[PDB]
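# Just need the structure, nothing else, for what follows:
(chains A, B and C, ligands or ions: 8)
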Amino acid sequence: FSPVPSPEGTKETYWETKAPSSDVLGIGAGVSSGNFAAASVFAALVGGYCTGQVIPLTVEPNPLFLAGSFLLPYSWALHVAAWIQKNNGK
Amino acid sequence: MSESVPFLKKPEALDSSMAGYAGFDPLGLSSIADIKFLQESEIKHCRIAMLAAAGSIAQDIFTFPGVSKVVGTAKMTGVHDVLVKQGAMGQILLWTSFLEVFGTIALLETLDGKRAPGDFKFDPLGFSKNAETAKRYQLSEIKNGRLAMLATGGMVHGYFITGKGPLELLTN
Amino acid sequence: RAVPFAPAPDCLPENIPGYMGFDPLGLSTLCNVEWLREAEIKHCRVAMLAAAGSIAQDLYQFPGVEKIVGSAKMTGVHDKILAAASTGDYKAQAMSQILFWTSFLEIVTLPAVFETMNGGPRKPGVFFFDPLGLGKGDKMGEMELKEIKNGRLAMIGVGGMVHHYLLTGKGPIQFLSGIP
Ligand code: CLA
Ligand code: CLA
Ligand code: CLA
Ligand code: KC2
Ligand SMILES: CC1=C(C#C/C(C)=C/C=C/C(C)=C/C=C/C=C(C)/C=C/C=C(\C)C#CC2=C(C)C[C@@H](O)CC2(C)C)C(C)(C)C[C@H](O)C1
Ligand SMILES: CC1=C(C#C/C(C)=C/C=C/C(C)=C/C=C/C=C(C)/C=C/C=C(\C)C#CC2=C(C)C[C@@H](O)CC2(C)C)C(C)(C)C[C@H](O)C1
Ligand SMILES: CC1=C(C#C/C(C)=C/C=C/C(C)=C/C=C/C=C(C)/C=C/C=C(C)/C=C/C2=C(C)CCCC2(C)C)C(C)(C)C[C@H](O)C1
Ligand SMILES: CC1=C(C#C/C(C)=C/C=C/C(C)=C/C=C/C=C(C)/C=C/C=C(C)/C=C/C2=C(C)CCCC2(C)C)C(C)(C)C[C@H](O)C1
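Residues are numbered from 1 along each chain as shown, chains lettered A, B, ... in the order given. Ligands and ions are numbered 1, 2, ... in the order given. Pasting the structure now:
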């Protein structure tokens, strides 16, 4: 009804192709599909290892293993970005 | 290809004009983040580390009058704990934070592209008016800072293992 | 074609180095050829270090390792060093350093494999590491296929050396010397 504002740098992201344009990756638009795939596996293994090392949680958990455990969900987003980049030819 | 690493491709974001360019970015971190931000951060890390490495050696060589009572034996990281209890560390933090607030404004100007990164126009004694000497001095600053970053980590880890401190460990 | 009975797969290029056409089960079709080549070259280099290490360990030991390691051992050495590292000994932290440096090298050589798979200028296996320049300088000799032949020998040779000492207490030099 009036112009709806968006932050500067807003671009069009609507896609009907096989994979979205690399712009949907934000700052990761230039990273290669191999680099996301290797980061995906690396984050999955390190995150799973760190998660496993603190499954019986104590009052003294290792903070590096807590922080490293956040790599498991981050790896999901990494392999999605790897599929997007492989299907954009990157 | 890259001058540093022959097998890998040349990093796209990095250019020869920028000081301390070896074409070294195998993981391509320069693509992910704005290069101007990375340049400003690298220079800042270099200067803090340079002060840190010189200070680490200096504290072994000599200590300021009256400091010895407050710091009984602790060196490197250990001194910080005692001076944190006393007022030294807090007063340094306060004045550095005040400097950084203006540094935040400077960082914004560098990110916009208006101002060259890492330059605060601080040349109290003229050393870079030649415009040929300036570039050599800039390369010297980058290389010395990189060495000091590596050195600061190297020294502190030796303190962690033995507690000797940089010069004492070399003697024994 | 090494075996005329089983044909060489078309996907395998004749031009690529080290090609004897021995792919009876045609495993080349299943996987990317460039990645398969890189995996082979990397496997050969790691295996070559492992087998010489087995021979050298018996003949020479670095000073002071004798206390931290059993007098004759192979994989036992790895377990012994790890046992002292887990114990908390400062001195026996060799495994972490080897792991860290090899991992760091692998991390920074990671883009190379993907870049070659995208048709990048570097061929598989060439990291341009020839400081001396003598071995690969100018035209070069048959050393390019020599690495592959010695590496394949090293792979099976490591398998033999490791598998012996699993059923026996004998080491590589000892088992070669006396055979029961
Ligand atoms: C990252 C840098 C860093 C850090 C965190 C510390 C931290 C500390 N130092 Mg060390 N020190 C440093 C650098 C550093 N120092 C440098 C560069 C030197 C000279 C080579 C020294 C020499 C030194 C001695 C001799 C002693 C300490 C001591 C101490 C402790 C008490 C604070 C004090 O009195 O310092 C005082 C430190 C100084 C006055 C030196 C600062 C000089 C630098 C070059 C500041 C330059 C500012 C610059 C000119 C302005 C640039 C502006 C630009 C950004 C626009 C504290 C843990 C004391 C201690 O407990 O020792 C065991 C002590 O006796 N420092
Ligand atoms: C996969 C390979 C492998 C593995 C896991 C081990 C592991 C081990 N060795 Mg063995 N070793 C190896 C290869 C290997 N070694 C090789 C290749 C040799 C030389 C022929 C030796 C000779 C050797 C001796 C003499 C001793 C050990 C010992 C040990 C133990 C302590 C670490 C140590 O001092 O090693 C030391 C190993 C070396 C110094 C060999 C380094 C050779 C390098 C890798 C050659 C690099 C060439 C080239 C320039 C590198 C290219 C870089 C490029 C990839 C970028 C540990 C279990 C010690 C022990 O307790 O045994 C009972 C011991 O005394 N090793
Ligand atoms: C039989 C061993 C052997 C051979 C013939 C080769 C040959 C080659 N390699 Mg490979 N390589 C090997 C082992 C070997 N490599 C191992 C073990 C490693 C890991 C450290 C590597 C890592 C490696 C990299 C990273 C690269 C090469 C490259 C090359 C090529 C050019 C450089 C050159 O001429 O090297 C000549 C090498 C030799 C003649 C090896 C000599 C070893 C000595 C004489 C004998 C072994 C000593 C050993 C320590 C044990 C001694 C006895 C012990 C049992 C007591 C060439 C095809 C480069 C390439 O293809 O691009 C240019 C390249 O980038 N190699
Ligand atoms: C499965 C992986 C495996 C590999 C890749 C492999 C390769 C080689 C090579 C290639 C480099 C050589 C040259 C070689 C030579 C001998 N092997 Mg062999 N070998 C493997 C497995 C086993 C097992 C399970 C045994 C064994 C034996 C022997 C004996 C007999 C000496 C004897 O009769 O005592 C000799 C000479 C037996 C032995 O160890 O007897 C205690 C026996 O148990 N091997 N072996
Ligand atoms: C004049 C002035 C200016 C200024 C300024 C300033 C303050 C400039 C200062 C620059 C400095 C402080 C440079 C210091 C670098 C230190 C290095 C490279 C460390 C090397 C140590 C190594 C390799 C080691 C080690 C060690 C290991 C790790 C463990 C130990 O157990 C043993 C050991 C010790 C061997 C500016 C530019 C602001 C403007 C204007 O012009 C006015
Ligand atoms: C690349 C290159 C460089 C380099 C380098 C390096 C490190 C080159 C190293 C090359 C190496 C280490 C080659 C070793 C191969 C080992 C073999 C074939 C062993 C087979 C064992 C068998 C068959 C057995 C056995 C048996 C016995 C004895 C014991 C029994 O218990 C078991 C069993 C019965 C099975 C340099 C530095 C030159 C620079 C250059 O610019 C580029
Ligand atoms: C904790 C604590 C404190 C503190 C503190 C401080 C000062 C902490 C600072 C820690 C630092 C600076 C660590 C840096 C480590 C550098 C590394 C790992 C790089 C290694 C190089 C590598 C892997 C490869 C290098 C490479 C080689 C070899 C070949 C390839 C090329 C190259 C890249 C050159 C206090 C002060 C609060 C006190 C408190 O009571 C306790
Ligand atoms: C330190 C560590 C460990 C470890 C470990 C290690 C190092 C384990 C290594 C295991 C290996 C290499 C097993 C492979 C065995 C079989 C081989 C090599 C057969 C090759 C020949 C074939 C297939 C045929 C070839 C052929 C011939 C005959 C001629 C015709 C052609 C062809 C058909 C090609 C443990 C496990 C001890 C545990 C410990 O806590 C931690």
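# Of all residues in chain B, which one is closest to ligand 1?
residue B:55 (2.4 Å; Cβ to the nearest ligand atom). C-beta coordinates here come from the backbone N, C-alpha and C atoms, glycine included.
# Can you tell me the element that residue falls in?
Here residue B:55 sits within helix B:35-61, counting by DSSP states H and E.
# and that helix, is it in reach of ligand 7?
No - residues of helix B:35-61 are not located near ligand 7 by Cβ under 6 Å from any ligand atom, the shortest gap being 6.7 Å.
# Which of the residues in that helix are classified as buried?
Of all the residues in helix B:35-61, those buried under the rule 16 or more other Cβ atoms under 10 Å in any protein chain shown are B:35-36, B:38-40, B:42-44, B:46, B:49-50, B:52-53, B:56, B:59-60.
# and which of the residues you listed is nearest to ligand 2?
For these, the nearest to ligand 2 is residue B:42 (25.8 Å; Cβ to the nearest ligand atom).
# Do any residues in the helix holding residue B:55 lie close to ligand 5?
Yes - applying Cβ under 6 Å from any ligand atom, one finds helix B:35-61 touching ligand 5 at B:50-51, B:53-54.
# which of the residues you listed sit farthest apart?
B:51 and B:53 (7.6 Å; Cβ to Cβ).
# remind me, longest helix of chain C?
Taking DSSP state H as the criterion, chain C has its longest helix at helix C:33-59.
# elements contacting the helix or strand that comes right after that one?
Using DSSP H and E, the helix or strand that follows helix C:33-59 towards the C-terminus is helix C:65-68. Secondary-structure packing of helix C:65-68 (3 or more Cβ pairs under 8 Å, 6 or more residues apart in numbering or on different chains; DSSP states H and E): helix C:75-87.
# Stretch C:54-67 near ligand 2 anywhere?
Yes - contact of stretch C:54-67 with ligand 2 (Cβ under 6 Å from any ligand atom) involves C:56-57, C:60-62, C:65.
# quick one: buried residues of that stretch?
Applying 16+ other Cβ under 10 Å to stretch C:54-67 flags C:54, C:57-58 as buried.
# Go ahead and measure how far it is from the middle of the chain.
20 Å (Cα atoms, centre = their mean, to the nearest Å).
# does any part of that stretch sit near ligand 4?
No - counting by Cβ under 6 Å from any ligand atom, ligand 4 is not contacted by stretch C:54-67; separation bottoms out at 11.2 Å.
# Touching that stretch from outside, list them.
By Cβ atoms under 8 Å, 6 or more residues apart in numbering or on different chains, the surrounding residues in contact with stretch C:54-67 are C:69, C:72-74, C:77, C:158, C:161-162, C:171-174.
# Output whichever helix or strand comes after the helix holding residue B:55 as PDB, restricted to C-alpha atoms.
Once helix B:35-61 ends, the next helix or strand along the chain (criterion: DSSP H and E) is helix B:67-70. Extracted in PDB, the C-alpha atoms of helix B:67-70 (Å, rounded to 0.1, in the frame of the first residue of the first chain):
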ATOM      1  CA  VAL B  67      56.600  -3.900  39.800                       C
ATOM      2  CA  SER B  68      58.600  -6.800  41.300                       C
ATOM      3  CA  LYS B  69      56.700  -6.700  44.600                       C
ATOM      4  CA  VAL B  70      53.300  -7.100  42.900                       C
END
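# what does helix B:67-70 contact?
Here helix B:67-70 makes contact (Cβ under 8 Å, 6+ apart) with B:82-83, B:86.
# would you turn these into a markdown table with secondary structure and neighbour count?
Shown next, in a markdown table, are the contacts of helix B:67-70 (DSSP: H, G, I helix; E, B strand; the rest coil; neighbours: other Cβ atoms under 10 Å in any protein chain shown):
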| residue | secondary structure | neighbour count |
| --- | --- | --- |
| B:82 | helix | 16 |
| B:83 | helix | 18 |
| B:86 | coil | 11 |
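# What's the biggest helix in the chain, counting residues?
Just going to use chain A. helix A:33-52.
# that's the other chain; I wanted chain B
Longest helix in chain B by number of residues, with DSSP H as the criterion: helix B:133-162.
# Counting by contacts, list what it packs against.
helix B:35-61, helix B:77-85, helix B:166-171.
# let's see it at 6 Å
Helix B:133-162 is packed against helix B:35-61, with contacts defined by 3 or more Cβ pairs under 6 Å, 6 or more residues apart in numbering or on different chains; DSSP states H and E.
# The helix it packs on vs helix B:77-85, what angle?
Angle of helix B:35-61 versus helix B:77-85, following axes from the mean of the first three to the mean of the last three Cα atoms, to 10 degrees, is 90 degrees.
# to the chain's geometric centre, what's the distance from helix B:35-61?
2 Å.
# Any residue of it touching chain A?
No - Helix B:35-61 is not in contact with chain A by Cβ under 6 Å from any Cβ of the partner chain; minimum separation 11.0 Å.
# Could you find the closest non-adjacent residue to residue A:73?
residue A:47 (7.7 Å; Cβ to Cβ, 6 or more residues apart in numbering or on different chains).
# For the one you found, give me its contacts.
Listed by Cβ atoms under 6 Å, 6 or more residues apart in numbering or on different chains, the contact partners of residue A:47 are A:69, A:71-72.
# Would you format those as CSV with distance to residue C:39 included?
Listed next are the contacts of residue A:47 as CSV, based on distance: Cβ to Cβ, whole Å:
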residue, distance to residue C:39
A:69, 31
A:71, 26
A:72, 27
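# Same list, the residues you listed, but as TSV with neighbour count please.
Shown next, in TSV, are the contacts of residue A:47 (neighbours: other Cβ atoms under 10 Å in any protein chain shown):
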residue	neighbour count
A:69	20
A:71	20
A:72	17
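# For those, please prepare JSON lines with the additional fields distance to residue C:47 and secondary structure.
Putting the contacts of residue A:47 into JSON lines (distance: Cβ to Cβ, whole Å; DSSP: H, G, I helix; E, B strand; the rest coil) gives the following:
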{"residue": "A:69", "distance to residue C:47": "35", "secondary structure": "helix"}
{"residue": "A:71", "distance to residue C:47": "31", "secondary structure": "helix"}
{"residue": "A:72", "distance to residue C:47": "33", "secondary structure": "helix"}
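# quick one: which of those residues is nearest ligand 6?
Of all those, ligand 6 sits closest to residue A:71, with 34.3 Å by Cβ to the nearest ligand atom.
# Run through the residues that contact that closest one.
A:43, A:46-47 are the contacts of residue A:71 under Cβ under 6 Å, 6+ apart.
# 7 Å instead?
A:43, A:46-47, A:50 (Cβ atoms under 7 Å, 6 or more residues apart in numbering or on different chains).
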